[PDB]
Amino acid sequence: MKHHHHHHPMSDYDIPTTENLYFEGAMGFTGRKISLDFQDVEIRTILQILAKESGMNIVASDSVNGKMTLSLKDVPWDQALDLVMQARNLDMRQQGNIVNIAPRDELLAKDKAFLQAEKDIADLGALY
């Protein structure tokens, strides 16, 4: 809208004067704070636990291996996910509420492999 700029009239840097739908205490994270310990637990299982903590539907890839010790207090899985993700360098492919945790290694392997597995909507490919 013409707030100041009627050339490129979308107020980005110009600041969007947005109507407050009561943005006072409406923040939150994706998850709740978690306090838990997982000592000598495979990281693969940890990612699954984050999903089971109402943390979307995260599918840890088969190639997510390693073992890590977490001891968390007052840390939301939002934050903890980063600590975990950085520990073997993984990444997350988010498609909807289902996200896949894949190692950065497999991301690079996916570049080498076929990117477009689907060219028609037909589900085939039992064995990779």
# chains A, B, ... in the order shown; residues from 1 in each chain; ligands from 1
>>> select_by_dssp(residues="chain A", states="strand (DSSP E)", output="VMD selection string")
chain A and resid 33 to 42 57 to 60 67 to 76 90 to 95 98 to 103
>>> write_last_selection(atoms="N, CA, C and O atoms", output="compact mmCIF listing (two decimals), in the first residue's frame")
# COMPACT_ATOMS: atom_id res chain seq x y z
N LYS A 33 9.85 -26.90 25.78
CA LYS A 33 11.16 -27.15 26.35
C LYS A 33 11.26 -28.59 26.77
O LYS A 33 10.28 -29.17 27.25
N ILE A 34 12.40 -29.18 26.58
CA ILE A 34 12.58 -30.55 26.93
C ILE A 34 13.76 -30.67 27.88
O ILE A 34 14.77 -29.95 27.77
N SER A 35 13.60 -31.51 28.84
CA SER A 35 14.65 -31.80 29.75
C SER A 35 14.71 -33.30 29.86
O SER A 35 13.75 -33.95 30.30
N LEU A 36 15.82 -33.85 29.48
CA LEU A 36 16.00 -35.26 29.35
C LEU A 36 17.45 -35.61 29.17
O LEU A 36 18.26 -34.73 28.87
N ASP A 37 17.79 -36.84 29.38
CA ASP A 37 19.13 -37.28 29.17
C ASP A 37 19.13 -38.52 28.32
O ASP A 37 18.27 -39.40 28.48
N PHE A 38 20.01 -38.55 27.38
CA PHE A 38 20.23 -39.69 26.53
C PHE A 38 21.71 -39.90 26.42
O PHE A 38 22.38 -39.25 25.62
N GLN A 39 22.24 -40.72 27.28
CA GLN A 39 23.65 -40.95 27.29
C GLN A 39 23.97 -42.23 26.58
O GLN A 39 23.32 -43.25 26.83
N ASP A 40 24.92 -42.17 25.66
CA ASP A 40 25.38 -43.32 24.85
C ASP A 40 24.23 -43.83 23.96
O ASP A 40 24.13 -45.01 23.64
N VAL A 41 23.40 -42.93 23.51
CA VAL A 41 22.29 -43.30 22.66
C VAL A 41 22.63 -42.91 21.23
O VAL A 41 23.23 -41.85 21.00
N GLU A 42 22.31 -43.78 20.27
CA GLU A 42 22.52 -43.47 18.89
C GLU A 42 21.70 -42.26 18.48
O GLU A 42 20.50 -42.16 18.81
N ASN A 57 6.68 -34.94 12.07
CA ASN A 57 6.97 -36.31 11.78
C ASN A 57 8.32 -36.36 11.15
O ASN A 57 8.47 -36.13 9.95
N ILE A 58 9.32 -36.55 11.95
CA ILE A 58 10.66 -36.56 11.46
C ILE A 58 11.08 -37.99 11.22
O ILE A 58 10.96 -38.82 12.09
N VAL A 59 11.53 -38.25 10.03
CA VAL A 59 12.03 -39.55 9.68
C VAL A 59 13.54 -39.48 9.55
O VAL A 59 14.07 -38.78 8.67
N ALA A 60 14.23 -40.12 10.46
CA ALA A 60 15.68 -40.16 10.40
C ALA A 60 16.11 -41.17 9.35
O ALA A 60 15.64 -42.31 9.35
N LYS A 67 26.63 -41.98 17.71
CA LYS A 67 26.13 -42.06 19.05
C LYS A 67 26.52 -40.81 19.82
O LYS A 67 27.65 -40.35 19.72
N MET A 68 25.58 -40.26 20.56
CA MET A 68 25.78 -38.98 21.19
C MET A 68 25.12 -38.95 22.56
O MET A 68 24.14 -39.66 22.81
N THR A 69 25.69 -38.19 23.45
CA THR A 69 25.19 -38.03 24.78
C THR A 69 24.58 -36.64 24.96
O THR A 69 25.26 -35.62 24.82
N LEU A 70 23.30 -36.61 25.23
CA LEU A 70 22.60 -35.37 25.51
C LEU A 70 22.11 -35.36 26.93
O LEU A 70 21.67 -36.38 27.45
N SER A 71 22.21 -34.24 27.53
CA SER A 71 21.67 -33.98 28.83
C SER A 71 21.13 -32.58 28.73
O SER A 71 21.89 -31.62 28.61
N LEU A 72 19.83 -32.46 28.71
CA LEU A 72 19.20 -31.19 28.46
C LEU A 72 18.30 -30.79 29.60
O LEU A 72 17.68 -31.64 30.24
N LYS A 73 18.26 -29.51 29.86
CA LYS A 73 17.39 -28.92 30.84
C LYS A 73 16.99 -27.54 30.34
O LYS A 73 17.88 -26.71 30.07
N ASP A 74 15.68 -27.33 30.15
CA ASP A 74 15.10 -26.02 29.73
C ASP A 74 15.40 -25.72 28.24
O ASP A 74 15.17 -24.62 27.74
N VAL A 75 15.83 -26.72 27.54
CA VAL A 75 16.17 -26.59 26.15
C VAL A 75 15.03 -27.12 25.30
O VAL A 75 14.69 -28.27 25.41
N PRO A 76 14.38 -26.29 24.47
CA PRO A 76 13.37 -26.79 23.55
C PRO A 76 14.01 -27.64 22.49
O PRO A 76 15.18 -27.39 22.11
N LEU A 90 24.10 -33.00 9.75
CA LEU A 90 22.98 -33.52 9.06
C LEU A 90 22.26 -32.37 8.46
O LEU A 90 22.74 -31.23 8.50
N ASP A 91 21.13 -32.64 7.95
CA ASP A 91 20.27 -31.64 7.42
C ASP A 91 18.86 -32.19 7.48
O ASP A 91 18.68 -33.39 7.76
N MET A 92 17.89 -31.38 7.23
CA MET A 92 16.53 -31.80 7.31
C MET A 92 15.79 -31.37 6.07
O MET A 92 15.83 -30.22 5.67
N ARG A 93 15.19 -32.31 5.43
CA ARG A 93 14.41 -32.05 4.25
C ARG A 93 12.99 -32.00 4.68
O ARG A 93 12.42 -33.03 5.06
N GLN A 94 12.42 -30.84 4.69
CA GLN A 94 11.10 -30.65 5.20
C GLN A 94 10.11 -30.59 4.06
O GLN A 94 10.19 -29.70 3.21
N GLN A 95 9.19 -31.51 4.04
CA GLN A 95 8.13 -31.48 3.07
C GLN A 95 6.81 -31.73 3.76
O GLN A 95 6.39 -32.87 3.98
N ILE A 98 6.18 -33.67 7.57
CA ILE A 98 7.08 -34.78 7.55
C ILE A 98 8.41 -34.26 7.08
O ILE A 98 8.50 -33.67 6.00
N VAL A 99 9.42 -34.40 7.88
CA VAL A 99 10.70 -33.97 7.52
C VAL A 99 11.64 -35.15 7.62
O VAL A 99 11.43 -36.06 8.42
N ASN A 100 12.64 -35.17 6.80
CA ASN A 100 13.59 -36.25 6.81
C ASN A 100 14.93 -35.74 7.26
O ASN A 100 15.42 -34.73 6.73
N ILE A 101 15.52 -36.38 8.23
CA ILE A 101 16.85 -36.04 8.66
C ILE A 101 17.80 -36.87 7.87
O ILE A 101 17.77 -38.10 7.96
N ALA A 102 18.60 -36.25 7.10
CA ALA A 102 19.54 -36.93 6.28
C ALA A 102 20.89 -36.37 6.58
O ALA A 102 21.00 -35.19 6.89
N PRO A 103 21.94 -37.19 6.55
CA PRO A 103 23.28 -36.69 6.76
C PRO A 103 23.68 -35.82 5.59
O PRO A 103 23.24 -36.08 4.46
>>> residues_around(residues="residue A:32", least_positions_apart="4", cutoff="12 Å", atoms="only C-alpha atoms", output="list in words")
residues 27, 28, 50, 51, 53, 54, 55, 73, 74, 75, 76, 77, 78, 79 and 80 of chain A
>>> write_last_selection(atoms="N, CA and C atoms", output="short mmCIF file (atom, residue, chain, number, x, y, z; two decimals), in the first residue's frame")
data_model
loop_
_atom_site.label_atom_id
_atom_site.label_comp_id
_atom_site.auth_asym_id
_atom_site.auth_seq_id
_atom_site.Cartn_x
_atom_site.Cartn_y
_atom_site.Cartn_z
N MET A 27 4.10 -16.02 20.83
CA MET A 27 5.36 -16.31 20.19
C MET A 27 5.53 -17.81 20.06
N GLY A 28 5.98 -18.44 21.13
CA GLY A 28 6.20 -19.87 21.15
C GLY A 28 7.30 -20.34 20.20
N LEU A 50 12.69 -36.80 19.08
CA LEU A 50 12.25 -35.40 18.88
C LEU A 50 10.89 -35.34 18.18
N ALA A 51 10.71 -36.21 17.20
CA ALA A 51 9.44 -36.30 16.48
C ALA A 51 8.34 -36.79 17.42
N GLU A 53 8.22 -36.31 20.49
CA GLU A 53 7.98 -35.23 21.45
C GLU A 53 7.07 -34.18 20.84
N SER A 54 6.25 -34.62 19.87
CA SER A 54 5.30 -33.80 19.12
C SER A 54 6.06 -32.83 18.23
N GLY A 55 7.18 -33.30 17.74
CA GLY A 55 8.02 -32.53 16.92
C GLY A 55 7.92 -32.93 15.50
N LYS A 73 18.26 -29.51 29.86
CA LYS A 73 17.39 -28.92 30.84
C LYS A 73 16.99 -27.54 30.34
N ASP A 74 15.68 -27.33 30.15
CA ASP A 74 15.10 -26.02 29.73
C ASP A 74 15.40 -25.72 28.24
N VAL A 75 15.83 -26.72 27.54
CA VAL A 75 16.17 -26.59 26.15
C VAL A 75 15.03 -27.12 25.30
N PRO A 76 14.38 -26.29 24.47
CA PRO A 76 13.37 -26.79 23.55
C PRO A 76 14.01 -27.64 22.49
N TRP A 77 13.31 -28.67 22.02
CA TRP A 77 13.86 -29.52 20.98
C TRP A 77 14.22 -28.72 19.73
N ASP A 78 13.55 -27.57 19.54
CA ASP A 78 13.88 -26.61 18.46
C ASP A 78 15.38 -26.31 18.48
N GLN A 79 15.84 -25.90 19.65
CA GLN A 79 17.22 -25.57 19.88
C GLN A 79 18.08 -26.83 19.87
N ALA A 80 17.66 -27.84 20.63
CA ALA A 80 18.42 -29.09 20.79
C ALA A 80 18.68 -29.78 19.45
#
>>> atom_distance(atom1="atom CA of residue A:61", atom2="atom CA of residue A:106")
9.0 Å
>>> select_by_dssp(residues="stretch 2-87 of chain A", states="alpha helix (DSSP H)", output="list in words")
residues 43, 44, 45, 46, 47, 48, 49, 50, 51, 52, 77, 78, 79, 80, 81, 82, 83, 84, 85, 86 and 87 of chain A
>>> write_last_selection(atoms="N, CA, C and O atoms", output="JSON list (two decimals), in the first residue's frame")
[["chain", "number", "residue", "atom", "x", "y", "z"],
["A", 43, "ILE", "N", 22.33, -41.40, 17.73],
["A", 43, "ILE", "CA", 21.75, -40.13, 17.32],
["A", 43, "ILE", "C", 20.50, -40.37, 16.47],
["A", 43, "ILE", "O", 19.53, -39.65, 16.57],
["A", 44, "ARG", "N", 20.54, -41.44, 15.71],
["A", 44, "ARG", "CA", 19.44, -41.87, 14.84],
["A", 44, "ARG", "C", 18.13, -41.98, 15.63],
["A", 44, "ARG", "O", 17.10, -41.46, 15.22],
["A", 45, "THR", "N", 18.21, -42.63, 16.78],
["A", 45, "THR", "CA", 17.07, -42.81, 17.64],
["A", 45, "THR", "C", 16.64, -41.47, 18.28],
["A", 45, "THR", "O", 15.45, -41.21, 18.45],
["A", 46, "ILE", "N", 17.61, -40.60, 18.57],
["A", 46, "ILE", "CA", 17.34, -39.31, 19.20],
["A", 46, "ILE", "C", 16.42, -38.44, 18.32],
["A", 46, "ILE", "O", 15.44, -37.88, 18.81],
["A", 47, "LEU", "N", 16.71, -38.37, 17.02],
["A", 47, "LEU", "CA", 15.88, -37.63, 16.08],
["A", 47, "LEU", "C", 14.44, -38.14, 16.05],
["A", 47, "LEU", "O", 13.50, -37.36, 15.94],
["A", 48, "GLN", "N", 14.29, -39.45, 16.18],
["A", 48, "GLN", "CA", 12.97, -40.07, 16.20],
["A", 48, "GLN", "C", 12.22, -39.64, 17.47],
["A", 48, "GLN", "O", 11.03, -39.37, 17.44],
["A", 49, "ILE", "N", 12.96, -39.53, 18.56],
["A", 49, "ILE", "CA", 12.42, -39.11, 19.84],
["A", 49, "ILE", "C", 11.93, -37.66, 19.78],
["A", 49, "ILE", "O", 10.88, -37.34, 20.31],
["A", 50, "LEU", "N", 12.69, -36.80, 19.08],
["A", 50, "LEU", "CA", 12.25, -35.40, 18.88],
["A", 50, "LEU", "C", 10.89, -35.34, 18.18],
["A", 50, "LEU", "O", 10.02, -34.56, 18.56],
["A", 51, "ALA", "N", 10.71, -36.21, 17.20],
["A", 51, "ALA", "CA", 9.44, -36.30, 16.48],
["A", 51, "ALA", "C", 8.34, -36.79, 17.42],
["A", 51, "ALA", "O", 7.23, -36.26, 17.42],
["A", 52, "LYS", "N", 8.69, -37.75, 18.26],
["A", 52, "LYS", "CA", 7.76, -38.33, 19.23],
["A", 52, "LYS", "C", 7.44, -37.37, 20.37],
["A", 52, "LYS", "O", 6.48, -37.57, 21.13],
["A", 77, "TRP", "N", 13.31, -28.67, 22.02],
["A", 77, "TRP", "CA", 13.86, -29.52, 20.98],
["A", 77, "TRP", "C", 14.22, -28.72, 19.73],
["A", 77, "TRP", "O", 15.07, -29.14, 18.97],
["A", 78, "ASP", "N", 13.55, -27.57, 19.54],
["A", 78, "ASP", "CA", 13.88, -26.61, 18.46],
["A", 78, "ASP", "C", 15.38, -26.31, 18.48],
["A", 78, "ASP", "O", 16.08, -26.45, 17.48],
["A", 79, "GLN", "N", 15.84, -25.90, 19.65],
["A", 79, "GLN", "CA", 17.22, -25.57, 19.88],
["A", 79, "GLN", "C", 18.08, -26.83, 19.87],
["A", 79, "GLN", "O", 19.08, -26.90, 19.16],
["A", 80, "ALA", "N", 17.66, -27.84, 20.63],
["A", 80, "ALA", "CA", 18.42, -29.09, 20.79],
["A", 80, "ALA", "C", 18.68, -29.78, 19.45],
["A", 80, "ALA", "O", 19.75, -30.34, 19.23],
["A", 81, "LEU", "N", 17.70, -29.71, 18.55],
["A", 81, "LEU", "CA", 17.80, -30.22, 17.18],
["A", 81, "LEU", "C", 19.03, -29.68, 16.49],
["A", 81, "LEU", "O", 19.71, -30.42, 15.79],
["A", 82, "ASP", "N", 19.36, -28.42, 16.73],
["A", 82, "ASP", "CA", 20.50, -27.80, 16.07],
["A", 82, "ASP", "C", 21.79, -28.41, 16.58],
["A", 82, "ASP", "O", 22.66, -28.76, 15.80],
["A", 83, "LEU", "N", 21.86, -28.57, 17.89],
["A", 83, "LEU", "CA", 23.01, -29.18, 18.59],
["A", 83, "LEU", "C", 23.25, -30.60, 18.08],
["A", 83, "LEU", "O", 24.38, -31.01, 17.86],
["A", 84, "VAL", "N", 22.18, -31.32, 17.89],
["A", 84, "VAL", "CA", 22.23, -32.66, 17.38],
["A", 84, "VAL", "C", 22.64, -32.66, 15.89],
["A", 84, "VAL", "O", 23.54, -33.39, 15.47],
["A", 85, "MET", "N", 21.99, -31.80, 15.11],
["A", 85, "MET", "CA", 22.20, -31.69, 13.69],
["A", 85, "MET", "C", 23.64, -31.31, 13.35],
["A", 85, "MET", "O", 24.21, -31.79, 12.37],
["A", 86, "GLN", "N", 24.23, -30.49, 14.18],
["A", 86, "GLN", "CA", 25.59, -30.03, 13.97],
["A", 86, "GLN", "C", 26.63, -31.09, 14.40],
["A", 86, "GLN", "O", 27.77, -31.02, 13.98],
["A", 87, "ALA", "N", 26.20, -32.08, 15.17],
["A", 87, "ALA", "CA", 27.14, -33.06, 15.74],
["A", 87, "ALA", "C", 27.63, -34.12, 14.75],
["A", 87, "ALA", "O", 28.64, -34.77, 14.99]]
>>> residues_around(residues="residue A:1", least_positions_apart="4", cutoff="8 Å", atoms="only C-alpha atoms", output="PyMOL selection string")
chain A and resi 5-6+9-11
>>> closest_residue(among="A:89, A:128, A:122, A:3", to="residue A:108", atoms="only C-alpha atoms")
A:89
>>> closest_residue(among="A:7, A:56, A:126, A:13", to="residue A:31", atoms="only C-alpha atoms")
A:56
>>> atom_distance(atom1="atom CA of residue A:104", atom2="atom CA of residue A:120")
27.7 Å
>>> closest_residue(among="A:4, A:88, A:124, A:65", to="residue A:17", atoms="only C-alpha atoms")
A:4
